[PDB]
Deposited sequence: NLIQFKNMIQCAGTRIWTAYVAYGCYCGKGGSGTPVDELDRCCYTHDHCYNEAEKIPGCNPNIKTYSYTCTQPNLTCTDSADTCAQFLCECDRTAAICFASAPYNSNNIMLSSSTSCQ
């Protein structure tokens, strides 16, 4: 669930989802070239994760609602039976935690430069 993902973001970190709407070559719609930094790599992986999520029968990353808990800054994916929800929650949780641990070079914001092949 896209809504859950953004809430899952501010749980683990301090930066809201808007800070990521357009960063590097992969954070934001689509993605190309090679990630420019640690954060952009976070987004790179997240996208491949969703692409994978779609290879699961009846599994759409945008609409599928999963179960998880937030004991800030701790995230927990409670799903175990539902594979889509499980796998999908893992994607988002991984990215949320990744985002919060990686640095934010405001320079790599909105750039496309030669960097994003």
Open item on the list: Could you spell out the stretches of the deposited sequence that were left without C-alpha coordinates, going in sequence order?
Closed with: 112
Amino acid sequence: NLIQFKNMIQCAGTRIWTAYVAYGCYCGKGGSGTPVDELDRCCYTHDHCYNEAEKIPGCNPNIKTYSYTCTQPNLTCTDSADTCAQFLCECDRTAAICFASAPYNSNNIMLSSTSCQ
From here on, numbers count along this sequence of modelled residues.
Open item on the list: Test of understanding: from the entry's C-alpha B-factors, which stretch has the higher mean, 45-53 or 67-75?
Closed with: 67-75
Open item on the list: Mean CA temperature factor from the deposited coordinates, higher in 54-62 or in 83-91?
Closed with: 54-62
- [ ] Please work out which residue in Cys25, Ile16, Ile109, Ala96 has the highest C-alpha B-factor recorded for this crystal structure.
- [x] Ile109
Task: Chain third (lowest, middle, highest) by recorded CA B-factor, residue given as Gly30 - done: highest
